[PDB]
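Residue numbers (the deposited numbering), protein chains in the order written: chain H, 2 to 525; chain N, 2 to 525; chain A, 77 to 151. Some notes on the structure that comes next.
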Amino acid sequence: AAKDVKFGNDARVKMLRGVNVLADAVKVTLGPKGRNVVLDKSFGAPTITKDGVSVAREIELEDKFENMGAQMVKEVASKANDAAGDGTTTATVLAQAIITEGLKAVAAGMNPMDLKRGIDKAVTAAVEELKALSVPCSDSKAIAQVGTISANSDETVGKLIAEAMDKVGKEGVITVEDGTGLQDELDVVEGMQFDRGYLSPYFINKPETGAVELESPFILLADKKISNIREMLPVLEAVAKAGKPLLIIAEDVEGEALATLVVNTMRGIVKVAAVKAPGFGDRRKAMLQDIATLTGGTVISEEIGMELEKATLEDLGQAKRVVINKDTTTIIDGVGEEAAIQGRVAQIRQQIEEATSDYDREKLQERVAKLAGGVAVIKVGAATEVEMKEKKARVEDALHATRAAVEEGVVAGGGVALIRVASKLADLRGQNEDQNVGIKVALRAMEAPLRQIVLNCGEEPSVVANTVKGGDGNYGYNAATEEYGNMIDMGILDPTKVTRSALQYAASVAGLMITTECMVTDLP
Amino acid sequence: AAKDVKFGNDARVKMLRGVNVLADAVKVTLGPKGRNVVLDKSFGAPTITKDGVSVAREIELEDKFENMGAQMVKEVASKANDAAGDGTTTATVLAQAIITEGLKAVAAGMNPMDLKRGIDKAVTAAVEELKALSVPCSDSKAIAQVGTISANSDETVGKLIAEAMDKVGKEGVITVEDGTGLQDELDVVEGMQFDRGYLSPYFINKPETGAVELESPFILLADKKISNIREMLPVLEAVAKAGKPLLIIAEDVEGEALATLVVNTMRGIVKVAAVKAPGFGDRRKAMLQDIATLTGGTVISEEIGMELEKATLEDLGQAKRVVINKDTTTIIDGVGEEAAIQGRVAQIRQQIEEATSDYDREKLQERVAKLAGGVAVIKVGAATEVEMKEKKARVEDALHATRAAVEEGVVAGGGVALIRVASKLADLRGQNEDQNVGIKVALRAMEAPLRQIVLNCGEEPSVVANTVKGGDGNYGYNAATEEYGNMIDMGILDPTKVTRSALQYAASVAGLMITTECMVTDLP
Amino acid sequence: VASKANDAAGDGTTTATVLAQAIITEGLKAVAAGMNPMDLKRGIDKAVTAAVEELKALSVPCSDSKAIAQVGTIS
Ligand SMILES: [Mg+2]
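So, in structure tokens, the structure goes:
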């Protein structure tokens with residue numbers, strides 16, 4: 002495939018327009034008072050939305066190059082969200098702010114390598130400044146606090162989170178299920194979560210979480226790499242007959258059998274999903290065994306002479322729910338009995354005594370943890386189906402901002418934190434006057450979100466900006482009610498993780514771009 | 002297929018552009034401080050990379066001719082790497098440097114044949130000069146030295162290499178496996194390596210090494226040419242049932258059966274690979290027998306009346322790993338027992354007594370060597386999967402540079418070594434004043450890499466160049482820390498093989514080009 | 077610049093041009109940095125009024141036939 006190669010300036014101009022269209026389509030929705038974007042949808046009526054994550058998802062441009070530009074910002078802003086639970090839009094809005102101004106500089110004939118330096122200093126400095134502005138959130142009170150604000154003034158959501166953390170810890174795995182009454186419920190239950198993701202996006206059955214949700218599934222616990230669907234066909238037949246879904250947790254599932262199970266849930270003949278097993282090498286076989294004990298399944302280890310051709314249902318583990326992500330598997334309520342699960346903890350307990358190294362220690366206690374520690378399920382209750390799966394939605398939003406708040410604290414939510422940290426480090430210098438420009442581009446990028454919220458509301462940016470700058474700490478403008486005040490007091494706050502991630506991620510791609518000299522792609 | 006034929010000048014101009022596009026995309030990534038190239042990728046988000054080998058790989062132009070240009074420089078720069086472990090990009094960067102200048106000469110009306118003569122002298126001269134600048138790397142200290150530098154200041158990698166060479170010799174076959182603990186391990190084990198490569202690139206299962214890696218495979222040791230897949234079908238059925246991969250080491254595998262096994266691992270029905278047997282004629286049958294003894298396999302020689310239709314598993318040899326390249330097969334930990342393996346060495350031992358010729362001698366001791374000498378496996382340990390398969394990667398990088406340093410020593414890494422040898426032979430003359438231009442073009446080419454690193458860093462080339470030239474030995478400029486010093490002491494070195502290969506290979510293709518008169522290709 | 081340079085000393089017109097391309101290049105780059113051009117100008121002039129004094133200080137009279145030949149020659 003013959004490529005099209007663009008250089009230096011051309012490449013960057015293309016890149017820049019690419020980035021603007023993403024940003025101009027996505028930024029108009031930022032405030033509590035955003036504007037609508039209309040997103041056409043093949044059959045039927047268009048979609049009107051104010052949700053930048055949805056607008057972004059749709060953005061792909063004709064011009065390759067221009068497109069690469071937009072895809073690159075999308076990429077990085079989505080990781081912001083990946084690591085924080087929010088900021089996707091903010092990240093984009095900021096990414097445009099640096100990229101615009103940094104990229105004009107380079108084009109004016111200033112030094113790229115310095116501009117990046119400058120930006121990266123300004124970011125470094127403001128991330129610190131944020132740590133300073135940041136107020137911790139640690140106690141049950143504070144937890145329910147950020148929870149309730151994050152779930153929109155609903156004090157019951159704040160409570161349920163507070164309560165869950167209170168039961169399985171600020172680590173403990175907490176999930177949400179659809180509720181069965183009008184009552185909320187909180188139950189702790191045998192289960193576990195481990196850091197491995199689906200092996201193919203096509204497993205997803207609920208595209209709004211971009212996640213796979215299997216109900217009452219059997220669990221295959223194979224200790225080997227699964228290559229051929231041949232080995233499978235006795236087990237997938239027993240499973241199809243029990244009319245239940247199935248989770249494969251094997252060393253891996255490769256090409257053939259993978260693309261097979263993929264097209265097997267595409268037409269919906271048997272709903273299935275597979276994920277790699279937790280950990281590697283020596284501590285894998287132990288860890289797989291743990292999930293066995295948890296779900297009362299039999300581990301099929303080729304190192305004792307058992308094929309998957311010799312496996313009936315009786316071998317498969319079983320849990321009342323499982324939910325997989327891009328990068329997480331979480332098994333909820335495992336049927337494996339407490340006679341066993343406790344016995345195993347008693348085994349592992351002892352292995353800690355016969356530990357002679359520290360790395361051999363933590364690794365055994367992360368195992369005792371996952372297993373005896375459990376999974377806390379919140380059932381969201383409500384009056385109507387609509388309410389319910391709306392409330393269920395905000396409960397996951399809050400849980401997200403809270404997990405986040407715990408880790409790094411909260412700050413002024415209206416853009417305000419960024420506006421603030423910027424007016425503090427308005428002496429900053431570098432050595433090159435090129436590095437200064439870099440610092441200033443970065444600094445003035447930091448007002449972008451506030452300026453944007455204001456704008457979207459149809460008030461004046463410059464004026465609200467200038468008055469937010471004039472104050473201190475968490476004084477800000479609350480665009481929803483048009484009052485100035487203490488943004489935190491007035492219930493407008495961002496987790497510290499999320500404002501920072503946003504900024505870091507925006508700065509990363511901007512630097513990347515200010516230092517791109519060449520762009521390869523296919524022929525129109 | 003009607004062709005498009007271009008002559009002398011046209012030809013060369015097309016070639017020139019062709020090579021520039023390759024070089025200008027590729028060269029911006031050269032320093033420790035390179036710039037990014039964005040490489041679009043069909044579905045999903047683009048790839049940002051600083052890695053010249055990746056950028057090169059993608060370069061293909063629309064204008065055939067122009068494309069031919071770029072393809073020729075890629076060809077040759079990749080062989081540099083083939084023979085040294087590095088320089089792919091440098092070779093390209095120097096390639097452009099000569100081609101540009103020499104090609105201007107021809108066009109100005111000077112004599113091609115002389116310009117090539119000149120360049121080739123300048124190279125010849127500097128290759129020598131390089132041998133002089135070269136500091137040997139021979140003792141265990143020096144080995145760990147270049148290893149640690151080459152694995153990025155990690156003293157433990159230096160050690161492990163130093164230790165392997167120390168057990169199986171600076172020749173001895175040394176491989177790397179994924180580690181199973183947090184601990185690195187070094188084991189010597191019955192095994193062997195021989196100079197034959199995969200019979201089809203489609204066997205590759207790990208495209209980043211461009212290599213085939215089979216786990217616990219059975220080994221077919223056939224002494225004949227395998228043409229028909231008919232002869233195979235009993236053995237491939239026994240193998241498919243034991244759910245293990247299979248290595249064919251026969252005289253050859255041809256057309257039919259080859260394109261068969263190829264499309265048989267394409268859809269992943271049975272993972273298989275085949276490679277020609279080591280050596281030819283009389284000493285082949287002996288050498289094949291050695292691998293039999295090593296893996297406890299049975300050799301299927303048609304000269305005793307045994308078909309592949311009469312071969313069950315019990316005939317196939319077996320080893321714990323095998324890894325094949327473009328041009329190497331290496332068999333790790335063969336199950337063939339020490340009762341046999343030692344016995345075979347005692348047999349071959351005696352054959353050396355009944356040697357009456359010298360060529361009949363070395364050929365028997367290369368056989369005693371491969372067999373009793375064994376294969377040294379490094380297992381790379383680490384904390385997390387990511388770390389591990391990153392550490393594993395650097396261990397193979399260093400192993401490469403070290404093997405290379407051993408053979409020809411190390412020199413100033415920064416571009417420096419070339420900058421130096423060039424300022425030494427700045428009297429050089431030829432006979433034509435044409436050849437003089439040849440020598441100059443060549444010499445001034447030699448600054449290219451240093452100038453480029455500096456330039457990528459966003460410092461001034463001319464100035465760092467001039468000050469490196471003003472020094473001696475390995476004094477140079479370390480672009481990463483902007484300090485002049487002794488490039489080797491400061492840990493910025495290139496194996497001698499690699500700087501030389503880069504130069505020679507760039508000079509070859511430049512000559513080739515400066516002496517091309519015609520260019521044939523298909524119609525647009 | 078080149079033309080005035082010339083009506084003034086019949087020489088140095090290229091220098092002149094070279095200097096302007098140079099003030100301009102750099103000066104625009106600074107306008108792109110978001111400096112106020114009106115001030116960029118004032119500083120440029122101050123710089124120059126200063127440089128002219130400096131020159132009159134380095135200047136030594138040329139009045140022997142030898143130096144005269146040297147300016148001729150160089151010109
Ligand atoms: Mg003059």
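Even for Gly, the Cβ is constructed at its ideal location relative to N, Cα and C.
Residue range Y360 to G374 is occupied by the alpha helix (DSSP H) that includes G374 (chain N). Among the residues of chain H, those whose CB is under 7 Å from the CB of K105 (chain A) are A109, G110 and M111, following chain order. If you draw a straight line from the Cα of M288 (chain N) to the Cα of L365 (chain N), it is about 10 Å long.
Here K272 (chain H) is buried. Its C-beta has 16 or more other C-beta atoms within 10 Å. Annotation for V128 (chain N): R501 place their beta carbon closer than 6 Å to its own, counting only its chain and skipping 5 residues before and after. For the pair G439 (chain N) and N433 (chain N), the Cα-to-Cα distance works out to about 9 Å. For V20 (chain N) against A96 (chain N), the beta-carbon gap comes to about 7 Å, under 8 Å, which counts as contact. Any heavy atom of ligand 1 counts here; residues with a Cβ closer than 7 Å to one of them, in chain order, are A:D87, A:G88, A:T90 and A:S151.
Residue contact with chain N for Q72 (chain H): present (Cβ-Cβ distance below 7 Å to some residue of chain N).
Interface with chain A (7 Å Cβ-Cβ cutoff): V438 (chain H) is included. One finds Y360 in chain H with Cβ atoms closer than 7 Å to the Cβ of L183 (chain N), taken in chain order. Taking 8 Å as the upper bound for CB-CB distance, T266 (chain N) and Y199 (chain N) are not in contact here, some 11 Å apart.
Across the set H:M514, H:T517, H:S509 and H:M520, the C-alpha of H:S509 shows the shortest separation from the C-alpha of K80 (chain H). Here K171 (chain H) carries a coil assignment [DSSP, helix/strand/coil]. Residue contact check for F204 (chain H) against chain N: no CB pair falls below 7 Å. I305 (chain H) sits in a helix when the DSSP states are folded into three classes.
Within the same chain, Cβ atoms closer than 7 Å to the Cβ of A163 (chain N) are found at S141, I144, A145 and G148, the five residues on either side in sequence being excluded.
According to DSSP, residue pairing for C519 (chain N) in a beta bridge involves N:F8. Less than 7 Å divides the Cβ of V240 (chain N) from the Cβ of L247 (chain N).
Annotation: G459 (chain H) is outside any beta strand (DSSP E) and is labelled neither H nor E by DSSP. Spanning the alpha carbons of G471 (chain N) and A399 (chain N) requires a straight line of approximately 31 Å.
Not flagged as an interface residue toward chain N: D253 (chain H), since no C-beta distance is shorter than 7 Å. Spanning the alpha carbons of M69 (chain H) and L116 (chain H) requires a straight line of approximately 22 Å.
Around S154 (chain N), the same chain offers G492 as residues with beta carbons nearer than 8 Å, after the five sequence neighbours per side are excluded.
A direct Cα-Cα distance of roughly 11 Å separates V411 (chain N) from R404 (chain N). In the assembly as shown, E518 (chain H) is a buried residue. Its beta-carbon has 16 or more other beta-carbons within 10 Å. Here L31 (chain N) is buried: its Cβ has 16 or more other Cβ atoms, across all protein chains shown, within 10 Å. When secondary structure is reduced to three states using DSSP, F195 (chain H) falls in the strand class.
Beta-carbon to beta-carbon, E310 (chain N) and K225 (chain N) are separated by about 12 Å, too far to satisfy the 8 Å threshold. Using a Cβ-Cβ cut-off of 7 Å, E59 (chain N) counts as an interface residue toward chain H, since at least one Cβ of chain H sits closer than that to its own. CA-to-CA, the gap between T91 (chain N) and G414 (chain N) works out to about 11 Å.
Here the C-alpha atom of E367 (chain H) lies approximately 57 Å from the C-alpha atom of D473 (chain N).
When the beta-carbon positions are compared, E448 (chain H) and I420 (chain H) come within less than 7 Å of each other. Non-local C-beta neighbours of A356 (chain H) in its own chain, meaning closer than 8 Å and more than five positions away in sequence, comprise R362 and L365, ordered along the chain. Interface flag for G256 (chain H) against chain N is set, since a Cβ pair is found closer than 7 Å.
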